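To start, the structure itself, in structure tokens.
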Amino acid sequence: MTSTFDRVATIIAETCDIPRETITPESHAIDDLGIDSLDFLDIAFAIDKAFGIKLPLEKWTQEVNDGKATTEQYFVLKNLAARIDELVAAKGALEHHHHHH
Numbered sequence: 001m002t003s004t005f006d007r008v009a010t011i012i013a014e015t016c017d018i019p020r021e022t023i024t025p026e027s028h029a030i031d032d033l034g035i036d037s038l039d040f041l042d043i044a045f046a047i048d049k050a051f052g053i054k055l056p057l058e059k060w061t062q063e064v065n066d067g068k069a070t071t072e073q074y075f076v077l078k079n080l081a082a083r084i085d086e087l088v089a090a091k092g093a094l095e096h097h098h099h100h101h
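When the letters of the sequence shown are read in order and numbered with the entry's author numbering, they come out as residues 1 to 101.
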């Protein structure tokens with residue numbers, strides 16, 4: 001029993017050495033865990049290859065710093081785990097389509 005969050009949290013411990021105990025689902029990877037966006041690239045590429053998906057990290061980070069999206073929307077570990085899972089669902093091409101197509 002290990003969720004998408006728990007996989008990510010293991011990968012955070014592997015990459016940037018952040019204690020699993022001090023990693024909550026409602027934690028912000030950058031603000032709360034104190035991980036830089038570059039260190040988060042190493043985490044996100046390790047996630048990327050693990051789940052066999054593709055995170056548009058550059059897109060997510062440009063939206064965040066353009067004020068299109070709030071930081072927490074992508075960088076809170078439950079929202080992040082939901083984004084990854086959403087792209088694992090997109091990896092399987094769904095059957096009810098992604099948005100509408």
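Heads up, the beta-carbon is just placed ideally off N, CA and C, and yes, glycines get one too.
Near residue i, what residues of its chain come up, given a Cβ to Cβ distance below 7 Å and the 5 sequence neighbours on each side ignored?
i, result
"residue 83", "74"
"residue 48", "54, 55"
"residue 61", "37"
Spell out the partners DSSP gives residue i in its beta bridges.
i, result
"residue 28", "76"
In three-state terms, what does DSSP make of residue i?
i, result
"residue 3", "coil"
"residue 51", "coil"
"residue 95", "coil"
"residue 69", "coil"
"residue 87", "helix"
"residue 11", "helix"
"residue 42", "helix"
"residue 57", "helix"
Between which residues of its own chain and residue i is the CB-CB distance below 8 Å, once the five residues before and five after are set aside?
i, result
"residue 35", "12, 16, 18, 29, 43"
What residues in its chain sit with their C-beta under 6 Å from that of residue i, if we drop five residues either side in the sequence?
i, result
"residue 85", "4"
"residue 87", "53"
"residue 98", "90"
Alpha carbon to alpha carbon, how far is residue j from residue i? Give it in angstroms, no decimals.
i, j, result
"residue 1", "residue 65", "35 Å"
"residue 50", "residue 70", "26 Å"
"residue 6", "residue 101", "30 Å"
"residue 63", "residue 20", "28 Å"
"residue 39", "residue 33", "11 Å"
"residue 22", "residue 9", "10 Å"
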